[PDB]
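K.L.:
A single structure is presented below for examination.
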Amino acid sequence: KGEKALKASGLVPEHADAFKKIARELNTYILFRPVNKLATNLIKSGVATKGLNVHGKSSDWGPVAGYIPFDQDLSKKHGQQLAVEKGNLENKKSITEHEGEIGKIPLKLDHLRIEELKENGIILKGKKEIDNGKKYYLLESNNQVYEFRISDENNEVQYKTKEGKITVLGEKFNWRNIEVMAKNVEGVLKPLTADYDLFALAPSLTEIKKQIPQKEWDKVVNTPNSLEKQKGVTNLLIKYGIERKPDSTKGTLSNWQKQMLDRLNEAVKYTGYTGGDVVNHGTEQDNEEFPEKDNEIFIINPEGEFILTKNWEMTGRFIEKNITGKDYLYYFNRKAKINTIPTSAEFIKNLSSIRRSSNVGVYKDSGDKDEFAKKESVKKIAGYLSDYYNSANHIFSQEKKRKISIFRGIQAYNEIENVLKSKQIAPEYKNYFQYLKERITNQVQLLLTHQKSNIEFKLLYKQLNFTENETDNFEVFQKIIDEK
């Protein structure tokens, strides 16, 4: 909260103030991913970042740290055996995938980056080896299996592994640069740093009607029934909000919020930055191959504070006091996961990520009607789990928030049971579906205790025998809970 996030994060300080003006302007909480000081020496330098071609991260030490280099030994793959080559085959496969703007060049740097860690107390620069017809600056590090070598009058890190000892990757090479790919912006050199990232985005509720057109919002005010008045925030925003564009260029946002992020990334230009796109994709959990759960989350409120969190248990309160537990906006990242069981799309991710272990599953490459009806019944799973994590519920009272946030949890569990009411399905999914039914029993329970319901979940489930309707079988779920 304020001072404790500006000192410990390691970001650029003048640009977080440049994001602060739009927060007063457009009433937005702007979440962030923590990035270190070694990368933001390059962010304050004016170099652009990578897109989403390679997925390495920023090294904790180094004059070349913060980059996505050729060899991934100088990055987050530090101390791995095959991942330092599985990552080395990742950026070399970005050559033949994103070709058209991928180059091949030594890094862009200054000569004053060798004194960056001399005042940090990290690396010890020792003996000096002579080659290239020049008094050359050999230098050591904390690891003796990799040492840097930066020239005295150039910007190249012409490093090597020590030739008297063995490489841990398995290679054998002398004093050599990093051939990091470049962003060929009009031919100007700009190699690829690990990009300044996000964690989520959350404006106020007010700017929704001022961003998306209120020509249809003048028809939801002309709606008599309150339950179907909440259908006006439902279907108008399904075709507006969740119509993403997952790419490798700017960030997975819709056209009412993708237009807003470049406004957040233009206030850095006149106050320090010269490299344009410093934020090039979305969240930490918008790594589209696997999510990365964190403890440290940075955010600037609409009023101007650098809010620092400590654990997610505080952030699960900070979601349920500011993000979802307040008159605000829940635009999140798309058995003790006490508030966040993973998404329907991550259940779709967890669908495939266990059937690649064994063949026998729920529905396969077959032609039986029961297999596609189970595919038709998992269609209602993801469609109803979407309204679990949905900010279409604060329009009415906070009772109407928590009513529909478990009404789908009742409405899914019967369809979950109807998926479980099938043939003898193999336990790569059935025992995975026992993990499905137990936590959905748990999150409805904690909600019912925080509310004043005082009913067990299993008693209420046998009350709600909903056949197909929500026009009365939400109302009989209403009339059991509300009016008290």
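Residues are referred to by chain and number: the chain letter is A, B, ... according to the order shown in the structure tokens, the number counts from 1 in that chain, and ligands are numbered separately from 1 in the order shown.
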List the spatial neighbours of residue 123 of chain A as a VMD selection string - criterion: any atom at most 12 Å away, only C-alpha atoms, same-chain residues fewer than 4 positions off excluded.

P.N.:
chain A and resid 60 to 63 114 to 119 139 to 144 146 to 148

K.L.:
Could you turn the residues from that selection into a file that holds C-alpha atoms, as a CSV table (one decimal), in the first residue's frame?

P.N.:
chain,number,residue,atom,x,y,z
A,60,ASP,CA,18.0,-12.8,-11.1
A,61,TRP,CA,21.6,-11.7,-11.9
A,62,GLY,CA,23.5,-10.5,-14.9
A,63,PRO,CA,24.3,-7.6,-17.2
A,114,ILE,CA,29.5,-4.3,-16.2
A,115,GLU,CA,29.3,-1.9,-13.2
A,116,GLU,CA,25.6,-2.7,-12.7
A,117,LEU,CA,26.5,-5.8,-10.6
A,118,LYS,CA,29.7,-4.3,-9.1
A,119,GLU,CA,27.6,-2.0,-7.0
A,139,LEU,CA,35.3,-11.9,-15.3
A,140,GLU,CA,33.8,-14.5,-12.9
A,141,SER,CA,30.4,-15.0,-11.4
A,142,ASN,CA,28.7,-16.9,-8.5
A,143,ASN,CA,28.4,-20.0,-10.7
A,144,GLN,CA,31.8,-21.1,-12.0
A,146,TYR,CA,29.2,-20.0,-16.6
A,147,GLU,CA,31.2,-16.8,-16.7
A,148,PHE,CA,30.6,-13.5,-18.6

K.L.:
Going by DSSP on the backbone, which bits of segment 21-255 of chain A are strand (DSSP E or B)? Write them as a PyMOL selection string, please.

P.N.:
chain A and resi 28-32+49+67+102+131+134+138+147+149-150+157+160+182-183+185+188+191+193+196+201-203

K.L.:
Skipping near chain neighbours, those fewer than 6 positions away, what residues fall within 10 Å of residue 395 of chain A using only C-alpha atoms, listed as a ChimeraX atom specification?

P.N.:
/A:205,229-230,233,327-328,401

K.L.:
Using only N, CA and C atoms, please write the residues we just selected to a file, as a PDB file, in the first residue's frame.

P.N.:
ATOM      1  N   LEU A 205     -17.267   0.170 -12.348  1.00  0.00           N
ATOM      2  CA  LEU A 205     -18.481  -0.291 -13.014  1.00  0.00           C
ATOM      3  C   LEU A 205     -19.052   0.782 -13.932  1.00  0.00           C
ATOM      4  N   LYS A 229     -33.847  -8.410 -16.315  1.00  0.00           N
ATOM      5  CA  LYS A 229     -33.035  -7.203 -16.443  1.00  0.00           C
ATOM      6  C   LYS A 229     -31.554  -7.526 -16.303  1.00  0.00           C
ATOM      7  N   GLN A 230     -31.232  -8.625 -15.617  1.00  0.00           N
ATOM      8  CA  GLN A 230     -29.859  -9.096 -15.533  1.00  0.00           C
ATOM      9  C   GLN A 230     -29.480  -9.932 -16.757  1.00  0.00           C
ATOM     10  N   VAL A 233     -27.333  -7.430 -19.048  1.00  0.00           N
ATOM     11  CA  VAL A 233     -25.894  -7.325 -18.840  1.00  0.00           C
ATOM     12  C   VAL A 233     -25.218  -8.636 -19.219  1.00  0.00           C
ATOM     13  N   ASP A 327     -18.746  -2.694  -4.964  1.00  0.00           N
ATOM     14  CA  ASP A 327     -19.384  -2.222  -6.192  1.00  0.00           C
ATOM     15  C   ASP A 327     -18.316  -1.916  -7.248  1.00  0.00           C
ATOM     16  N   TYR A 328     -17.795  -2.983  -7.840  1.00  0.00           N
ATOM     17  CA  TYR A 328     -16.665  -2.888  -8.752  1.00  0.00           C
ATOM     18  C   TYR A 328     -16.781  -4.014  -9.774  1.00  0.00           C
ATOM     19  N   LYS A 401     -25.475 -11.113  -5.750  1.00  0.00           N
ATOM     20  CA  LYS A 401     -24.149 -11.605  -6.101  1.00  0.00           C
ATOM     21  C   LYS A 401     -24.002 -13.077  -5.748  1.00  0.00           C
TER      22      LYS A 401
END

K.L.:
I'd like to know which of A:280, A:405, A:204, A:454 is closest to residue 53 of chain A, using only C-alpha atoms.

P.N.:
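Nearest candidate to residue 53 of chain A out of A:280, A:405, A:204, A:454: A:280.
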
K.L.:
Compile the contact shell of segment 73-87 of chain A as an NGL selection string: residues with an atom at most 8 Å away, counting only C-alpha atoms, same-chain residues fewer than 5 positions apart removed.

P.N.:
:A and (56-60 or 62 or 64-68 or 168-169)

K.L.:
May I have the selected residues written with N, CA and C atoms, as a PDB file, in the first residue's frame?

P.N.:
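Result saved to out_7.pdb:
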ATOM      1  N   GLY A  56      10.770 -17.756 -21.997  1.00  0.00           N
ATOM      2  CA  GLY A  56      11.717 -17.687 -20.899  1.00  0.00           C
ATOM      3  C   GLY A  56      11.416 -16.459 -20.054  1.00  0.00           C
ATOM      4  N   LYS A  57      12.129 -16.328 -18.943  1.00  0.00           N
ATOM      5  CA  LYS A  57      11.901 -15.210 -18.041  1.00  0.00           C
ATOM      6  C   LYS A  57      13.216 -14.502 -17.723  1.00  0.00           C
ATOM      7  N   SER A  58      13.151 -13.570 -16.775  1.00  0.00           N
ATOM      8  CA  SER A  58      14.268 -12.684 -16.467  1.00  0.00           C
ATOM      9  C   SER A  58      15.155 -13.324 -15.405  1.00  0.00           C
ATOM     10  N   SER A  59      16.462 -13.350 -15.664  1.00  0.00           N
ATOM     11  CA  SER A  59      17.417 -13.886 -14.705  1.00  0.00           C
ATOM     12  C   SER A  59      17.565 -12.948 -13.514  1.00  0.00           C
ATOM     13  N   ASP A  60      17.859 -13.535 -12.356  1.00  0.00           N
ATOM     14  CA  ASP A  60      17.992 -12.796 -11.110  1.00  0.00           C
ATOM     15  C   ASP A  60      19.303 -12.029 -11.015  1.00  0.00           C
ATOM     16  N   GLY A  62      22.813 -10.572 -13.635  1.00  0.00           N
ATOM     17  CA  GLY A  62      23.461 -10.499 -14.921  1.00  0.00           C
ATOM     18  C   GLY A  62      23.353  -9.148 -15.598  1.00  0.00           C
ATOM     19  N   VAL A  64      23.205  -9.256 -18.707  1.00  0.00           N
ATOM     20  CA  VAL A  64      22.393  -9.684 -19.840  1.00  0.00           C
ATOM     21  C   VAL A  64      21.054 -10.174 -19.291  1.00  0.00           C
ATOM     22  N   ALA A  65      20.871 -10.055 -17.978  1.00  0.00           N
ATOM     23  CA  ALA A  65      19.625 -10.471 -17.346  1.00  0.00           C
ATOM     24  C   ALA A  65      18.476  -9.546 -17.731  1.00  0.00           C
ATOM     25  N   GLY A  66      17.271 -10.110 -17.747  1.00  0.00           N
ATOM     26  CA  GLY A  66      16.105  -9.387 -18.208  1.00  0.00           C
ATOM     27  C   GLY A  66      15.785  -9.691 -19.656  1.00  0.00           C
ATOM     28  N   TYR A  67      16.754 -10.262 -20.368  1.00  0.00           N
ATOM     29  CA  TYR A  67      16.601 -10.550 -21.783  1.00  0.00           C
ATOM     30  C   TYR A  67      16.045 -11.959 -21.993  1.00  0.00           C
ATOM     31  N   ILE A  68      15.727 -12.260 -23.249  1.00  0.00           N
ATOM     32  CA  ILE A  68      15.463 -13.628 -23.689  1.00  0.00           C
ATOM     33  C   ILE A  68      16.587 -14.010 -24.647  1.00  0.00           C
ATOM     34  N   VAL A 168      27.632 -27.834 -18.163  1.00  0.00           N
ATOM     35  CA  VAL A 168      26.529 -28.607 -17.599  1.00  0.00           C
ATOM     36  C   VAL A 168      25.403 -28.818 -18.602  1.00  0.00           C
ATOM     37  N   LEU A 169      25.351 -28.019 -19.671  1.00  0.00           N
ATOM     38  CA  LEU A 169      24.396 -28.283 -20.741  1.00  0.00           C
ATOM     39  C   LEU A 169      24.869 -29.430 -21.627  1.00  0.00           C
TER      40      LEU A 169
END

K.L.:
Can you tell me which residues surround residue 406 of chain A at a distance of at most 12 Å, considering only C-alpha atoms, apart from same-chain residues fewer than 5 positions away, and format the answer as a VMD selection string?

P.N.:
chain A and resid 384 to 390 393 399 to 401 411 to 413 440 to 448 451 457 460 to 461 474 477 to 478 481

K.L.:
Between atom CA of residue 289 of chain A and atom CA of residue 352 of chain A, measure the distance and give it in Å to one decimal.

P.N.:
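Distance reported for this atom pair: 12.3 Å.
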
K.L.:
Please determine, counting only C-alpha atoms, which residue among A:181, A:362, A:89, A:348 has the shortest atom-to-atom distance to residue 423 of chain A.

P.N.:
A:362

K.L.:
Among segment 308-339 of chain A, which residues carry a DSSP assignment of helix (DSSP H, G or I), reported as a ChimeraX atom specification?

P.N.:
/A:312-323

K.L.:
For the selection you just gave me, I'd like the residues written to a file as a PDB file, in the first residue's frame, keeping N, CA and C atoms.

P.N.:
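Final output, selection-v4.pdb:
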ATOM      1  N   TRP A 312      -1.762 -14.755  -1.274  1.00  0.00           N
ATOM      2  CA  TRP A 312      -3.030 -14.804  -1.991  1.00  0.00           C
ATOM      3  C   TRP A 312      -4.215 -14.885  -1.036  1.00  0.00           C
ATOM      4  N   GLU A 313      -4.000 -15.398   0.182  1.00  0.00           N
ATOM      5  CA  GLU A 313      -5.048 -15.388   1.200  1.00  0.00           C
ATOM      6  C   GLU A 313      -5.434 -13.968   1.588  1.00  0.00           C
ATOM      7  N   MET A 314      -4.472 -13.045   1.568  1.00  0.00           N
ATOM      8  CA  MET A 314      -4.822 -11.636   1.657  1.00  0.00           C
ATOM      9  C   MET A 314      -5.454 -11.153   0.358  1.00  0.00           C
ATOM     10  N   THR A 315      -4.959 -11.637  -0.788  1.00  0.00           N
ATOM     11  CA  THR A 315      -5.495 -11.209  -2.078  1.00  0.00           C
ATOM     12  C   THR A 315      -6.877 -11.793  -2.341  1.00  0.00           C
ATOM     13  N   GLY A 316      -7.149 -12.999  -1.834  1.00  0.00           N
ATOM     14  CA  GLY A 316      -8.505 -13.520  -1.834  1.00  0.00           C
ATOM     15  C   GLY A 316      -9.456 -12.722  -0.967  1.00  0.00           C
ATOM     16  N   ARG A 317      -8.933 -12.044   0.056  1.00  0.00           N
ATOM     17  CA  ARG A 317      -9.703 -11.008   0.727  1.00  0.00           C
ATOM     18  C   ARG A 317      -9.711  -9.719  -0.092  1.00  0.00           C
ATOM     19  N   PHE A 318      -8.590  -9.397  -0.756  1.00  0.00           N
ATOM     20  CA  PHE A 318      -8.528  -8.184  -1.570  1.00  0.00           C
ATOM     21  C   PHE A 318      -9.368  -8.302  -2.832  1.00  0.00           C
ATOM     22  N   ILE A 319      -9.624  -9.524  -3.297  1.00  0.00           N
ATOM     23  CA  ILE A 319     -10.648  -9.715  -4.319  1.00  0.00           C
ATOM     24  C   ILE A 319     -12.035  -9.565  -3.706  1.00  0.00           C
ATOM     25  N   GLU A 320     -12.237 -10.131  -2.517  1.00  0.00           N
ATOM     26  CA  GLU A 320     -13.571 -10.153  -1.929  1.00  0.00           C
ATOM     27  C   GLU A 320     -13.798  -8.960  -1.002  1.00  0.00           C
ATOM     28  N   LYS A 321     -12.946  -7.936  -1.094  1.00  0.00           N
ATOM     29  CA  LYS A 321     -13.272  -6.641  -0.506  1.00  0.00           C
ATOM     30  C   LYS A 321     -13.202  -5.515  -1.528  1.00  0.00           C
ATOM     31  N   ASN A 322     -12.428  -5.680  -2.596  1.00  0.00           N
ATOM     32  CA  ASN A 322     -12.298  -4.658  -3.623  1.00  0.00           C
ATOM     33  C   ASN A 322     -12.782  -5.119  -4.990  1.00  0.00           C
ATOM     34  N   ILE A 323     -12.301  -6.262  -5.474  1.00  0.00           N
ATOM     35  CA  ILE A 323     -12.583  -6.685  -6.845  1.00  0.00           C
ATOM     36  C   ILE A 323     -13.990  -7.252  -6.984  1.00  0.00           C
TER      37      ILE A 323
END

K.L.:
Counting only C-alpha atoms, figure out which residue out of A:175, A:192, A:164, A:29 gets nearest to residue 331 of chain A.

P.N.:
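Checking each of A:175, A:192, A:164, A:29 against residue 331 of chain A, counting only C-alpha atoms, the winner is A:29.
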
K.L.:
Taking 6 positions as the minimum chain separation for residues in the same chain, which residues sit within 7 Å of segment 101-110 of chain A when counting only C-alpha atoms? Answer as a list in words.

P.N.:
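In the requested format, the answer is residues 95, 155, 156, 177, 178, 179, 180, 181, 182, 183, 184, 190 and 191 of chain A.
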
K.L.:
Between A:381, A:200, A:189, A:297, which residue has the minimum interatomic distance to residue 8 of chain A, considering only C-alpha atoms?

P.N.:
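Smallest separation from residue 8 of chain A among the options: A:297.
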